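K.L.:
Below is a structure I'd like to ask you about.
Bear in mind these aren't lab numbers, they're just calculated from the coordinates by the rules spelled out. Here the Cβ is made from the backbone with ideal geometry for all residues, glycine too, and neighbour counts use every protein chain on show.
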Amino acid sequence: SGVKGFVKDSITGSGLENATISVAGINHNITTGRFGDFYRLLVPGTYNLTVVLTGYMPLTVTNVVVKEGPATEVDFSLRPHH
Amino acid sequence: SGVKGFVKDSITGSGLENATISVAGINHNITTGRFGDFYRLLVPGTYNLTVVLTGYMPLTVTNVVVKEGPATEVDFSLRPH
C-alpha cells in the first residue's frame, strides 16, 4: 500500500525525474524516476506529501489517504516558477 | 512546515550549489541545488542550523523557529575563506 503515480510539469505534462517526495513526520525521502514515476510504500493512514524540484514551486497535498490494499494512485502536477 | 530559501556567496550575491545545512538533532542533511535553493520539511519547533561548503567560512544560525504551514523562508550568506 502507499501512494503511487507520477510527478508532472503542469505546463507540459512531462513526467519529471529527480523530484523529491517527502511525507510529513517521516524522515525518509524518495525521488522520482525517469518517467516521473514513484511509489511511496506506507502503511494505511492519512499523510501530508510535499513534492519539490528545483525550478518548480513546492507542492504540498494534505490529508492524502492510504487504504489497506492497492496503492492510492495520485499524480502531482508541479508548477514551474516561470 | 519546514525551511526553504537560498544559500549565497556573501561577496557576489550569487547562489551556491552543494552547500549543506545540518539541523541539530535531525538526521539527513539538507543540500543546495544548482542556484543555491534548498527545502526541507521539519515539524514545528526551534532549530539550530550549521551551513558548510568547502572553501567557505561555516555559518551558524541558532534559534530558527518553524511554524505550521508553508516552509519558513530563510537565506544564508557564506563568506569565502
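K.L.:
Normalized C-alpha radius of gyration of segment B:1-40, against 2.2 N^0.38 Å?
P.N.:
Normalised Rg, Cα atoms only: 1.17.
K.L.:
What net charge is computed for the residues neighbouring B:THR31, neighbours being all others with C-beta under 12 Å from the C-beta of B:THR31, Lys and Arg scored +1, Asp and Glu -1?
P.N.:
Once all neighbours under 12 Å are counted, the net charge is 0.
K.L.:
Can you give the net charge of the other residues whose Cβ lies under 15 Å from the Cβ of B:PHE76, counting K and R as +1 and D and E as -1?
P.N.:
So the surrounding residues net to -1.
K.L.:
Compute from the Cα atoms of chain A the Rg and the Dmax, the latter being the longest Cα-Cα distance, and quote both in angstrom.
P.N.:
Looking at chain A, its Cα Rg and Dmax stand at 12.0, 39 Å.
K.L.:
Can you list the trypsin sites (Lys or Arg not before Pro) in segment B:6-47 that are in a DSSP coil and have 13 or fewer other beta carbons within 10 angstrom?
P.N.:
Loop-located and lightly packed - B:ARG34.
K.L.:
In a Gaussian network model over chain B where Cα atoms closer than 10 Å are linked, find which of B:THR50, B:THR12, B:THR31 has the largest mean-square fluctuation.
P.N.:
Answer for the Gaussian network model of chain B: B:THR12.
K.L.:
Let me ask something else. All other residues with a Cβ under 9 Å from the Cβ of A:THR54 taken together, and with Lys, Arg as +1 and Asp, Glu as -1, what is their net charge?
P.N.:
So the environment of A:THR54 carries a net charge of 0.
K.L.:
Set the Förster radius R0 to 30 Å, insert the Cβ-Cβ distance between A:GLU73 and A:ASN27 as r into 1/(1 + (r/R0)^6), and round the FRET efficiency to 0.05.
P.N.:
0.75
K.L.:
Let me ask something else about it. List the GluC sites (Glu not before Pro) within chain A that DSSP assigns to loop and that have no more than 11 neighbouring Cβ atoms inside 10 Å.
P.N.:
A:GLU68
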